[PDB]
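In structure tokens, one chain follows: the form deposited in one PDB entry.
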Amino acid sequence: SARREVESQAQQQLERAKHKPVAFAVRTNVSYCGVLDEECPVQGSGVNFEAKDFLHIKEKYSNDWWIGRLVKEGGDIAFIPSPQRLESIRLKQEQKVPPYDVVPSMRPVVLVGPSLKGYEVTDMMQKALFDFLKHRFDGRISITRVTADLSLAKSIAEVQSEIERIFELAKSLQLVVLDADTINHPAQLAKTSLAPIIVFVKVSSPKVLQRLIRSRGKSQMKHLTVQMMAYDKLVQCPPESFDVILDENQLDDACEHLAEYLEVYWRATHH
């Protein structure tokens, strides 16, 4: 094919980028099928993504094209349109918000529920999950505590410094898990650039949660109302707000459910 000759240089660049580390990562806000993009440096080798998919960028080829891959198992090295290119495409059809958000190379795992952090029922249930993860993923995981209020993410410098720190931890592609004290609801991070893997740690029902809080004593029961309200807010969230829902009666089943999901994520990110 004469096409093979014309693309030899672009194909060579593609081949080289394959062995390079991840420069940065983006979450998409638009749909884009590169396999059909006629002006892709190597035909058929254009990334194919939906909105909200993640891409690892290894290199910038030109002002029109980047090189990286769709974060999915079996997602091969491919040409990725720059934000500029995507704007020209949207402008073309629209005459015939940003396409990408920079996020960490590994989506930080964040636990929410069943109720408010700072209280025994939620802290104890989340602690058991954290301990399990430390053991199950030892060597492949960076679990860290974050006391700063990440919800204030775009004083403000402590929050930004923590945002950068999380990005840094994720750089090596290790599983990143955050024990973020102020995050009790998905909406509190939906505005940030963290793109966390939200894990909903559920309890059987409101009544069960009430009995658990009651079994803790007066100090915990004294704050029954705010905890019950936190639970309601969570169960009222649309399904898309959670990446993983741990609704198992038993801890071990919940742990295996989470490990299995995370094993899949590990494979999707390591290429």
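Under this definition, the rigid core comprises the largest set of C-alpha atoms superposing within 1.5 Å between the forms. Quick note: we count residues from 1 along the sequence shown, nothing fancier. Residues that one form lacks are left out of the comparison.
Quick note: we don't show the form solved in complex with a partner chain, though the next part is all about it.
Trainee: With heavy atoms only and a cut-off of 4.5 Å, decide whether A128 touches the partner chain in the entry with it bound.
Mentor: Yes - in the entry with it bound, heavy atoms of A128 and the partner chain come within 4.5 Å of each other.
Trainee: Looking at the partner-bound form in the entry with it bound, is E248 within 4.5 Å of the partner chain by any heavy atom?
Mentor: Contact check for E248: yes, within 4.5 Å of the partner chain in the entry with it bound.
Trainee: So in the entry with it bound, does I183 come within 4.5 Å of the partner chain, heavy atom to heavy atom?
Mentor: Because no heavy atom of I183 falls inside 4.5 Å of the partner chain in the entry with it bound, the answer is no.
Trainee: With a cut-off of 4.5 Å between heavy atoms, is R211 one of the residues that contacts the partner chain in the entry with it bound?
Mentor: Judged by the heavy-atom cut-off of 4.5 Å, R211 is in contact with the partner chain in the entry with it bound.
Trainee: So which of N29, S62, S204, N48 gets a non-hydrogen atom within 4.5 Å of the partner chain in the entry with it bound?
Mentor: Selected residue: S204.
Trainee: Exactly one residue in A254, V22, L14, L262 has a non-hydrogen atom within 4.5 Å of the partner chain in the entry with it bound; which is it?
Mentor: None of the others qualify; the residue that does is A254.
Trainee: Given a 4.5 Å cut-off on heavy atoms, tell me which of 118 to 126, 163 to 171, 99 to 107, 82 to 90 is the interface stretch with the partner chain in the entry with it bound.
Mentor: Only one stretch passes the 4.5 Å heavy-atom test: 118 to 126.
Trainee: Return yes or no for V264: a CA shift of at least 2 Å between the shown form and the other one, with the rigid core superposed?
Mentor: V264 C-alpha, core-superposed: shift of less than 2 Å.
Trainee: Can you list the runs of 3 or more residues whose CA atoms move by 2 Å or more between the shown form and the other one, with the rigid core superposed?
Mentor: 1 to 6 is the only stretch that shifts between the shown form and the other one.
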